[PDB]
Structures are given as C-alpha cells and as structure tokens.
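Heads up, the chain below is alone and in the form deposited in one PDB entry; it's given as structure tokens.
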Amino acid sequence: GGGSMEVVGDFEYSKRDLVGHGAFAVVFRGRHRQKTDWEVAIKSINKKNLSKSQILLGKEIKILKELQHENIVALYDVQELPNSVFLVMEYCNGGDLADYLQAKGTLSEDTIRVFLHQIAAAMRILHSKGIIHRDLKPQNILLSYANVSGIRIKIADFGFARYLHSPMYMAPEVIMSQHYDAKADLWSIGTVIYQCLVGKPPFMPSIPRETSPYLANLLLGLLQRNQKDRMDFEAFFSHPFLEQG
C-alpha cells in the first residue's frame, strides 16, 4: 500500500488521517464510500505481529459483535487482507479520557457524574452478558462530541475481557477461582473516578475533605483490595451519587 487512499469493504480512509495506535495496530479516521458524511475509525492490525502475540482478536470481535450499546464502541465490519485485519468501528472525535484529563486536569463532581452515568450504563450490559473487561482505564474510555453535556462516552479494548462460566478431572485451583475476578471492573472504575477527581490514581485512600459524602461512599466501596468486601454491581448501578443533581 504505497498509495494515500485505501478501501476496506464499504469504507475507505486516507493514510493522511492517522489518529492513534494500539497493539500491532494503527487507527485512521475513515468514512463509508457512498455515505461519506458517515465517519468511522479503521483499526489496521498486522497479522504476522498478532500471530506471534497472545492477543485473541477473535474473542474481541465476538464480544464487540454481542454488545450493541450507545456507550460501547460500535463494530461495523471486519475485513481480512493478506498482511492486515481491519476493524471498522464508531469514530470517537474526542480521543480517550487520558487526553481529556491531561487537558482539563481534574473534573467537577457534576462532570464525573455525567461520565460515570454513561460508564455505568455500559457496565450494566457487560454484567448482564457476564463479561468482565479487566483492563478498564482512561486509555480505553473514548469520547464523542456533538458540538460537557455534549460528550458521549464509549468503552473500548476488550483485549483482556473474559466471559464468566455460569468436573472431577479439573484442578481444584481452577474449580475454586471461578468468578474470582467477577468484580475487577468495579475497582478499575474506582481508580478512574479517583484520578478524575484528585488528578492522579490513588496508589482506604486519601479522599479530599471537599468530596461530597455520596462520592466518598462510592469511592471507598469501589477501592476495596478484597473483592469479598468490594461493593457489588447492583449497589453501584443504583448508588445515590448517580441519580441526583
């Protein structure tokens, strides 16, 4: 591919419009070839690189396909050239939360609530399909502007995601450790909210005196080293902090 343009099923991109990189991956802004006002992200993935890695792209596609929520990054198409796999995906013109925090610094409780509402919305869908993300972080949380109220949040990167499995020969450590990471996402969402508020990840941790009681409750409930002790999903989904103003 010497040339500037490239065709990927019903979509196309200029190599001029590179927006960022993932693992063995490069992401371009693109568009539908007929509906050209329809912007997409095209993730090019080097096959030889992938085949030498332990990345399960098949799994990521399986999970992306299964999730059709407005706060989970949409997969539109998969194309397989000889040298590359292409994923055609929702364009998120906002970059990731990491960029937004590097710009805005720390966020208001009003802002963090608007964002967390949408992250919670996505967490519902993962929990209800028995998917654990396990690599939630600001690099994985993408932003899409209409024009703070104009900002829509989309979860991405199911590289590390895994399905919960709801046997005499099976090792006891495997039998027992079933569901052991069931609550891993609730911690991560904790560290993320924390960083949004304080301006760095936390490592009970230092909750600033300014913090509202609800938000302090949520954070201390999420940031529990032992999952046994850590807030469960339904408690989080319906936590007072989310459904006020």
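Note that residue numbering follows the sequence shown and begins at 1. For the two forms, the rigid core is made up of the largest set of C-alpha atoms that agree within 1.5 Å on superposition.
There is also a form deposited in another entry; it is not shown, and the following applies to it.
*Asks:* Once you line up the core, how about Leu81: does its CA shift reach 2 Å between the shown form and the other one?
*Replies:* Where the cores coincide, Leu81 still shows a C-alpha shift between the shown form and the other one that is 2 Å or more.
*Asks:* Does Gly22 count as moved between the shown form and the other one, where moved means a C-alpha shift of 2 angstroms or more after fitting the rigid core?
*Replies:* Comparing the forms between the shown form and the other one, which are aligned on their rigid core, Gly22 does shift its C-alpha by 2 Å or more.
*Asks:* With a threshold of 2 Å on the C-alpha, tell me if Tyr13 counts as moved between the shown form and the other one once the core is superposed.
*Replies:* Comparing forms between the shown form and the other one, the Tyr13 CA shifts at least 2 Å.
*Asks:* Comparing against this form, do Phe24 and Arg134 have their CA atoms pulled together or pushed apart in the other entry? The difference is 3 Å or more.
*Replies:* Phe24 and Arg134 sit closer together in the other entry.
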